[PDB]
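Everything below belongs to coords.cif, which stores mmCIF, C-alpha atoms.
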data_target
#
loop_
_atom_site.group_PDB
_atom_site.id
_atom_site.type_symbol
_atom_site.label_atom_id
_atom_site.label_comp_id
_atom_site.auth_asym_id
_atom_site.auth_seq_id
_atom_site.Cartn_x
_atom_site.Cartn_y
_atom_site.Cartn_z
ATOM 1 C CA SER F 1 0.000 0.000 0.000
ATOM 2 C CA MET F 2 0.902 3.568 -0.364
ATOM 3 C CA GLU F 3 0.348 4.103 3.421
ATOM 4 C CA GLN F 4 2.972 1.355 4.200
ATOM 5 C CA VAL F 5 5.456 3.121 1.925
ATOM 6 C CA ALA F 6 4.799 6.494 3.607
ATOM 7 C CA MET F 7 5.361 4.850 7.007
ATOM 8 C CA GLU F 8 8.550 3.288 5.691
ATOM 9 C CA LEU F 9 9.798 6.662 4.433
ATOM 10 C CA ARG F 10 9.121 8.156 7.956
ATOM 11 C CA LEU F 11 11.160 5.247 9.488
ATOM 12 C CA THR F 12 13.945 5.883 6.996
ATOM 13 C CA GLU F 13 14.069 9.526 7.804
ATOM 14 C CA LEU F 14 14.090 8.791 11.601
ATOM 15 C CA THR F 15 16.965 6.378 10.917
ATOM 16 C CA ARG F 16 18.791 9.218 9.133
ATOM 17 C CA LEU F 17 18.322 11.537 12.073
ATOM 18 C CA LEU F 18 19.276 8.807 14.677
ATOM 19 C CA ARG F 19 22.430 8.080 12.660
ATOM 20 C CA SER F 20 23.472 11.739 13.004
ATOM 21 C CA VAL F 21 22.499 11.661 16.754
ATOM 22 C CA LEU F 22 24.591 8.445 17.229
ATOM 23 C CA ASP F 23 27.609 10.078 15.600
ATOM 24 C CA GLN F 24 27.371 13.091 17.747
ATOM 25 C CA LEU F 25 27.054 11.001 20.974
ATOM 26 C CA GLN F 26 29.929 8.782 20.048
ATOM 27 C CA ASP F 27 32.142 11.847 19.547
ATOM 28 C CA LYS F 28 31.624 12.500 23.213
ATOM 29 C CA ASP F 29 33.514 9.251 23.869
ATOM 30 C CA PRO F 30 36.884 10.031 22.406
ATOM 31 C CA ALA F 31 38.565 7.310 24.436
ATOM 32 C CA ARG F 32 36.317 4.689 22.721
ATOM 33 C CA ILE F 33 35.396 3.153 26.074
ATOM 34 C CA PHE F 34 31.841 2.500 24.813
ATOM 35 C CA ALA F 35 32.621 1.548 21.235
ATOM 36 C CA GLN F 36 32.376 -2.196 21.494
ATOM 37 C CA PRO F 37 30.685 -4.874 23.742
ATOM 38 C CA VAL F 38 32.384 -5.634 26.955
ATOM 39 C CA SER F 39 34.443 -8.775 26.169
ATOM 40 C CA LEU F 40 33.219 -11.913 28.009
ATOM 41 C CA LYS F 41 36.629 -13.443 27.396
ATOM 42 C CA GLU F 42 38.225 -10.544 29.351
ATOM 43 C CA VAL F 43 35.372 -9.949 31.890
ATOM 44 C CA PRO F 44 33.988 -13.479 32.320
ATOM 45 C CA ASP F 45 31.571 -12.645 35.139
ATOM 46 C CA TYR F 46 30.046 -9.634 33.291
ATOM 47 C CA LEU F 47 26.609 -11.131 32.664
ATOM 48 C CA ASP F 48 26.301 -12.002 36.341
ATOM 49 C CA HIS F 49 26.361 -8.239 36.991
ATOM 50 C CA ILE F 50 24.815 -6.685 33.843
ATOM 51 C CA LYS F 51 21.715 -8.227 32.389
ATOM 52 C CA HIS F 52 21.344 -6.130 29.246
ATOM 53 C CA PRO F 53 24.801 -5.179 27.905
ATOM 54 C CA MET F 54 24.954 -2.381 25.340
ATOM 55 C CA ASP F 55 27.588 -0.509 23.339
ATOM 56 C CA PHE F 56 27.763 1.833 20.329
ATOM 57 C CA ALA F 57 28.543 -0.937 17.795
ATOM 58 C CA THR F 58 25.515 -2.922 18.812
ATOM 59 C CA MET F 59 23.343 0.236 18.547
ATOM 60 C CA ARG F 60 24.701 0.887 15.087
ATOM 61 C CA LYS F 61 23.735 -2.673 13.947
ATOM 62 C CA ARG F 62 20.206 -2.120 15.236
ATOM 63 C CA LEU F 63 20.027 1.323 13.668
ATOM 64 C CA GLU F 64 21.112 0.094 10.216
ATOM 65 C CA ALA F 65 18.465 -2.571 10.208
ATOM 66 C CA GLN F 66 15.970 0.289 10.968
ATOM 67 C CA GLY F 67 15.394 -1.319 14.287
ATOM 68 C CA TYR F 68 14.581 1.853 16.290
ATOM 69 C CA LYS F 69 10.845 2.743 15.839
ATOM 70 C CA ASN F 70 11.045 5.987 17.841
ATOM 71 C CA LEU F 71 13.610 8.133 19.726
ATOM 72 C CA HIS F 72 12.567 6.583 23.092
ATOM 73 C CA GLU F 73 13.864 3.162 21.955
ATOM 74 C CA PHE F 74 17.215 4.664 20.898
ATOM 75 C CA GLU F 75 17.544 6.601 24.160
ATOM 76 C CA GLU F 76 16.812 3.418 26.128
ATOM 77 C CA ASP F 77 19.867 1.748 24.515
ATOM 78 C CA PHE F 78 22.076 4.857 25.107
ATOM 79 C CA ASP F 79 21.044 4.999 28.738
ATOM 80 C CA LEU F 80 21.998 1.271 29.055
ATOM 81 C CA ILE F 81 25.533 2.074 27.912
ATOM 82 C CA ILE F 82 25.886 4.701 30.676
ATOM 83 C CA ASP F 83 23.930 2.964 33.404
ATOM 84 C CA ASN F 84 25.653 -0.487 32.932
ATOM 85 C CA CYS F 85 29.031 1.223 33.288
ATOM 86 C CA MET F 86 28.093 3.245 36.336
ATOM 87 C CA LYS F 87 26.987 0.032 38.097
ATOM 88 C CA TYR F 88 29.876 -2.300 37.145
ATOM 89 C CA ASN F 89 32.633 0.230 37.690
ATOM 90 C CA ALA F 90 33.331 2.237 40.836
ATOM 91 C CA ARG F 91 33.171 5.992 41.093
ATOM 92 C CA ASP F 92 36.943 6.377 41.172
ATOM 93 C CA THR F 93 37.537 4.714 37.797
ATOM 94 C CA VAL F 94 38.218 6.092 34.352
ATOM 95 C CA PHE F 95 35.296 4.007 33.057
ATOM 96 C CA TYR F 96 32.710 5.468 35.482
ATOM 97 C CA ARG F 97 34.000 8.975 34.898
ATOM 98 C CA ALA F 98 33.817 8.516 31.126
ATOM 99 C CA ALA F 99 30.180 7.500 31.454
ATOM 100 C CA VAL F 100 29.315 10.561 33.501
ATOM 101 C CA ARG F 101 30.911 12.847 30.885
ATOM 102 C CA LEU F 102 29.089 11.006 28.063
ATOM 103 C CA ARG F 103 25.760 11.328 29.867
ATOM 104 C CA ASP F 104 26.262 15.069 30.550
ATOM 105 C CA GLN F 105 27.405 15.898 27.042
ATOM 106 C CA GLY F 106 24.924 13.620 25.355
ATOM 107 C CA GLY F 107 22.005 15.295 27.199
ATOM 108 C CA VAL F 108 22.487 18.437 25.115
ATOM 109 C CA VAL F 109 22.348 16.491 21.826
ATOM 110 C CA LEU F 110 19.345 14.454 22.869
ATOM 111 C CA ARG F 111 17.394 17.506 23.995
ATOM 112 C CA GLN F 112 17.516 18.979 20.483
ATOM 113 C CA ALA F 113 16.953 15.598 18.808
ATOM 114 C CA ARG F 114 13.668 15.311 20.655
ATOM 115 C CA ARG F 115 12.578 18.742 19.435
ATOM 116 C CA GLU F 116 13.568 17.674 15.796
ATOM 117 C CA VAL F 117 11.715 14.394 16.003
ATOM 118 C CA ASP F 118 8.556 16.192 17.262
ATOM 119 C CA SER F 119 9.031 19.167 14.880
ATOM 120 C CA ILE F 120 9.501 17.117 11.607
ATOM 121 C CA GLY F 121 7.026 14.480 12.976
#
Represent the supplied structure as structure tokens.
Amino acid sequence: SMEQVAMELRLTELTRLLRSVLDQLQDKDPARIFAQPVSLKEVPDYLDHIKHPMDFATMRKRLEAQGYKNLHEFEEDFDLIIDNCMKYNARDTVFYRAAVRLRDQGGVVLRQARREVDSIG
């Protein structure tokens, strides 16, 4: 149907905008601490601690399959990156501190993304 196409175009354009959002958030992680999944070879107990691991590569795979239906879904996955780290790692670690800086800087980007998603529909 033509309606299904229109809906698919909307999803494509959201995907476009989320790709730009993802690039901007990942720039706020210049150390690449959040770039890839935590390695279960190197942290074998991880899944005992963290039930829903997340990282920027995994988000990018989901994004490119148009797997985010709305901005809330995408933000859920970004918040997992931050929140997982802030639980597993102590306050006095470079990992925790990187997550705080990513959360603070990413807030700015996400605030305007929400306005754009609402504005363009």
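Distance annotation: of F:104, F:3, F:45, F:116, the residue with the minimal separation from residue 18 in chain F is F:116; atom set is only C-alpha atoms.
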Notebook entry, point to check: So which one's closest to residue 113 in chain F, F:8, F:27, F:75, F:55? Using only C-alpha atoms, please.
Noted result: F:75
Check: Which residues, written as an NGL selection string, have at least one atom at most 8 Å from residue 25 in chain F, with all atoms listed in the file counted and residues fewer than 3 positions away on the same chain left out?
Finding: :F and (21-22 or 28-29 or 102 or 105-106 or 109)
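Pairwise distance (CA of residue 60 in chain F, CA of residue 112 in chain F) equals 20.2 Å.
What the PyMOL selection byres ((chain F and resi 80-94) around 9) grabs from this file is residues 34, 46, 49, 50, 51, 52, 53, 54, 55, 56, 75, 76, 77, 78, 79, 95, 96, 97, 98, 99, 100, 102 and 103 of chain F.
Remark: for residue 118 in chain F, the closest of the candidate residues F:17, F:36, F:1, F:6 is F:17 (distances computed over only C-alpha atoms).
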Margin query: From the options F:57, F:38, F:110, F:14, which residue's atoms come nearest to residue 70 in chain F, counting all atoms listed in the file?
Written below: F:14
Notebook entry, point to check: Out of F:37, F:67, F:107, F:44, which residue has the shortest atom-to-atom distance to residue 24 in chain F when counting only C-alpha atoms?
Noted result: F:107
Next item on the list: Quick one: pull the distance between CA of residue 59 in chain F and CA of residue 33 in chain F, Å, one decimal.
Entry: 14.5 Å
Atom completion result for range 69-91 of chain F (N, CA and C atoms) as a PDB file, in the coordinates of the input:
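Wrote it out as result_30.pdb, contents follow:
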ATOM      1  N   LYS F  69      12.163   2.182  16.325  1.00  0.00           N
ATOM      2  CA  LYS F  69      10.845   2.743  15.839  1.00  0.00           C
ATOM      3  C   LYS F  69      10.603   4.191  16.230  1.00  0.00           C
ATOM      4  N   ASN F  70      11.225   4.639  17.329  1.00  0.00           N
ATOM      5  CA  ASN F  70      11.045   5.987  17.841  1.00  0.00           C
ATOM      6  C   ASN F  70      12.337   6.372  18.613  1.00  0.00           C
ATOM      7  N   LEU F  71      12.441   7.629  18.973  1.00  0.00           N
ATOM      8  CA  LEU F  71      13.610   8.133  19.726  1.00  0.00           C
ATOM      9  C   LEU F  71      13.683   7.517  21.116  1.00  0.00           C
ATOM     10  N   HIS F  72      12.563   7.218  21.755  1.00  0.00           N
ATOM     11  CA  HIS F  72      12.567   6.583  23.092  1.00  0.00           C
ATOM     12  C   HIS F  72      13.356   5.267  23.096  1.00  0.00           C
ATOM     13  N   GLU F  73      13.122   4.433  22.094  1.00  0.00           N
ATOM     14  CA  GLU F  73      13.864   3.162  21.955  1.00  0.00           C
ATOM     15  C   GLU F  73      15.383   3.363  21.887  1.00  0.00           C
ATOM     16  N   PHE F  74      15.828   4.310  21.092  1.00  0.00           N
ATOM     17  CA  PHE F  74      17.215   4.664  20.898  1.00  0.00           C
ATOM     18  C   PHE F  74      17.767   5.186  22.213  1.00  0.00           C
ATOM     19  N   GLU F  75      17.070   6.118  22.830  1.00  0.00           N
ATOM     20  CA  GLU F  75      17.544   6.601  24.160  1.00  0.00           C
ATOM     21  C   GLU F  75      17.645   5.518  25.226  1.00  0.00           C
ATOM     22  N   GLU F  76      16.765   4.520  25.170  1.00  0.00           N
ATOM     23  CA  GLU F  76      16.812   3.418  26.128  1.00  0.00           C
ATOM     24  C   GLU F  76      18.178   2.717  26.030  1.00  0.00           C
ATOM     25  N   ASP F  77      18.593   2.450  24.783  1.00  0.00           N
ATOM     26  CA  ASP F  77      19.867   1.748  24.515  1.00  0.00           C
ATOM     27  C   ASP F  77      21.040   2.665  24.937  1.00  0.00           C
ATOM     28  N   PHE F  78      20.964   3.972  24.659  1.00  0.00           N
ATOM     29  CA  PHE F  78      22.076   4.857  25.107  1.00  0.00           C
ATOM     30  C   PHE F  78      22.168   4.902  26.633  1.00  0.00           C
ATOM     31  N   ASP F  79      21.044   4.969  27.277  1.00  0.00           N
ATOM     32  CA  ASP F  79      21.044   4.999  28.738  1.00  0.00           C
ATOM     33  C   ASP F  79      21.612   3.680  29.275  1.00  0.00           C
ATOM     34  N   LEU F  80      21.400   2.535  28.607  1.00  0.00           N
ATOM     35  CA  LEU F  80      21.998   1.271  29.055  1.00  0.00           C
ATOM     36  C   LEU F  80      23.524   1.326  29.033  1.00  0.00           C
ATOM     37  N   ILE F  81      24.051   1.962  27.997  1.00  0.00           N
ATOM     38  CA  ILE F  81      25.533   2.074  27.912  1.00  0.00           C
ATOM     39  C   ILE F  81      26.049   2.729  29.203  1.00  0.00           C
ATOM     40  N   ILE F  82      25.464   3.883  29.537  1.00  0.00           N
ATOM     41  CA  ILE F  82      25.886   4.701  30.676  1.00  0.00           C
ATOM     42  C   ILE F  82      25.615   3.975  31.983  1.00  0.00           C
ATOM     43  N   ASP F  83      24.359   3.526  32.134  1.00  0.00           N
ATOM     44  CA  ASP F  83      23.930   2.964  33.404  1.00  0.00           C
ATOM     45  C   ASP F  83      24.665   1.647  33.737  1.00  0.00           C
ATOM     46  N   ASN F  84      24.940   0.806  32.764  1.00  0.00           N
ATOM     47  CA  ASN F  84      25.653  -0.487  32.932  1.00  0.00           C
ATOM     48  C   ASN F  84      27.041  -0.138  33.491  1.00  0.00           C
ATOM     49  N   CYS F  85      27.668   0.844  32.857  1.00  0.00           N
ATOM     50  CA  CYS F  85      29.031   1.223  33.288  1.00  0.00           C
ATOM     51  C   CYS F  85      29.104   1.764  34.666  1.00  0.00           C
ATOM     52  N   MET F  86      28.141   2.603  35.032  1.00  0.00           N
ATOM     53  CA  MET F  86      28.093   3.245  36.336  1.00  0.00           C
ATOM     54  C   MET F  86      27.766   2.235  37.466  1.00  0.00           C
ATOM     55  N   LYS F  87      27.207   1.069  37.099  1.00  0.00           N
ATOM     56  CA  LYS F  87      26.987   0.032  38.097  1.00  0.00           C
ATOM     57  C   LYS F  87      28.241  -0.884  38.223  1.00  0.00           C
ATOM     58  N   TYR F  88      28.772  -1.346  37.129  1.00  0.00           N
ATOM     59  CA  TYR F  88      29.876  -2.300  37.145  1.00  0.00           C
ATOM     60  C   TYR F  88      31.160  -1.712  37.691  1.00  0.00           C
ATOM     61  N   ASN F  89      31.377  -0.444  37.340  1.00  0.00           N
ATOM     62  CA  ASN F  89      32.633   0.230  37.690  1.00  0.00           C
ATOM     63  C   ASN F  89      32.459   1.171  38.832  1.00  0.00           C
ATOM     64  N   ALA F  90      33.437   1.294  39.715  1.00  0.00           N
ATOM     65  CA  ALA F  90      33.331   2.237  40.836  1.00  0.00           C
ATOM     66  C   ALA F  90      33.500   3.662  40.433  1.00  0.00           C
ATOM     67  N   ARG F  91      33.021   4.563  41.273  1.00  0.00           N
ATOM     68  CA  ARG F  91      33.171   5.992  41.093  1.00  0.00           C
ATOM     69  C   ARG F  91      34.533   6.526  40.780  1.00  0.00           C
TER      70      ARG F  91
END
